[PDB]
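As structure tokens, one chain now follows by itself in the form deposited in one PDB entry.
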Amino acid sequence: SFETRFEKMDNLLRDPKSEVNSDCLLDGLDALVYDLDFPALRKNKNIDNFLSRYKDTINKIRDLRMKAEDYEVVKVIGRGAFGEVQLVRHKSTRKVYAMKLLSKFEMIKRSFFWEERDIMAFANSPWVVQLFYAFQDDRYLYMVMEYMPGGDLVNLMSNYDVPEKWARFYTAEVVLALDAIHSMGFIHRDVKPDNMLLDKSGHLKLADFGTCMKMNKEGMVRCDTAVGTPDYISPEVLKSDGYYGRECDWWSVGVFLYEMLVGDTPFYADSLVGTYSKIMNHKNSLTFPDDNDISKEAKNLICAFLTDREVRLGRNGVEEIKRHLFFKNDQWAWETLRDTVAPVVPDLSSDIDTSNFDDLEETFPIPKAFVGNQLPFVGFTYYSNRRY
């Protein structure tokens, strides 16, 4: 039917989850222009004329659509080979956000941002950091996320000899947060206290969805490359032929609980190897201090997590973790946990206070022919309907 077709098309342009929505289509034009505007390609009349025709229109669109110049760097909080994570401020609104930058040159040359963009944009979970905006240019991919003023658990652990009650609270919240990721069909693969952020209320939210892999019908993943941080990496991810499930995320929870209660990671070494050697021989290298500061149940939970896959707590689902004695407390309940009073409530001067975060501080060659470097990134643009 005639107008049915226009309506179906209009919904194709409407849909934020659609690959052909207005922003995905603007991505295409923008990519095409960047991918064609080179002197060698402009020798082609078709390319030259098209670029001349669209010059004014593309400059207008580029100005109107969200750009790097709309934000001001307040503080640099993270750094990777792929890019930086920084605390920014929208120049007009003065609102503080977290911005993750990914180098397009680094994406193409030895590669994930799709799932990272999707989890943060459409998770609608109190456990996952919300993504407000996703935009780009010929050099970077940008992810404007909700600001978490309480900082990370690394900062918390560096200020306190974490009492058990707090360790129980943060472990329980990570279990819930990980169970949320798992229900979406993903294994985090990089669970660590640097990726656990605290909101204004002091409750946890997960970050870094950059290693998230979608599980299969058997809830497994085929990966032959090591992923994650040396201290938190499970033996199975280290040994990766590789066919593993969501249990690698539970191994990291046991590393996290040990770290909070002991003050050090269980398999710490002077090198990348030796760390990896200790993880392999966790059976004889996992030891606790000879003192009464860590309870029987805490030690058992760590050990129930720090074992081989097939015997690890969480191989029969969350309920077996939720039911562990370590979680028995007269302070919270699993279904009421994010509504309880957090152990550490951030005492922030203002909504723009960045105190809880420590301040830190080449692209593509010119083509001689069409190579289409912007094509892997068409559709990355995303804008939230959320107002303030």
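Here the rigid core means the biggest group of C-alpha atoms that line up within 1.5 Å when the two forms are laid on top of each other. For every residue, the number given is its place in the sequence shown, counted from 1.
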- Item | Gap size between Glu362 and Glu361, counted in deposited residues that the entry leaves unmodelled | 4 to 9
- Message: Neighbours in the displayed sequence, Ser240 and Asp241 may still hide a gap; how many deposited residues lack coordinates there, none, 1 to 3, 4 to 9, or 10 or more?
- Response: 1 to 3
- Task: Select between 376 to 384 and 18 to 26 the stretch whose C-alpha atoms have the higher average B-factor in the entry.
- Result: 18 to 26
- Of 30 to 38 and 350 to 358, the stretch with the higher mean C-alpha B-factor in the deposited entry is 350 to 358
- Report the option among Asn195, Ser252, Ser111, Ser103 whose CA atom has the maximum B-factor in the deposited record. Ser111
- If you check the C-alpha B-factor for each of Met99, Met157, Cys303, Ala269 in the entry, which is highest? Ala269
- Task: Within this chain's modelled residues, let me know which third the CA B factor of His203 belongs to: lowest, middle or highest.
- Result: lowest
- Item | B-factor third for the C-alpha atom of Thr307 within its chain | middle
- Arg53: CA B-factor among chain residues, third -> middle
- Item | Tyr71, C-alpha B-factor rank within chain (lowest, middle or highest third) | middle
- Note on the structure: Tertile call for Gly245 (CA temperature factor, within chain, third-based) is the highest
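This next part talks about the form deposited in another entry, which is not shown.
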- With the two forms aligned on their rigid core, point out which item of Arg315, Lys91, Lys296, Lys283 shifts its C-alpha by 2 Å or more between this form and the one not shown. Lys91
- Message: Tell me whether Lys200 is among the residues that move between this form and the one not shown (Cα shift of 2 angstroms or more, core superposed).
- Response: no
- Item | Per-residue C-alpha change between this form and the one not shown, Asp118, threshold 2 Å, rigid core fit | no
- Under a superposition restricted to the rigid core, does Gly78 display a Cα displacement of 2 angstroms or more between this form and the one not shown? yes
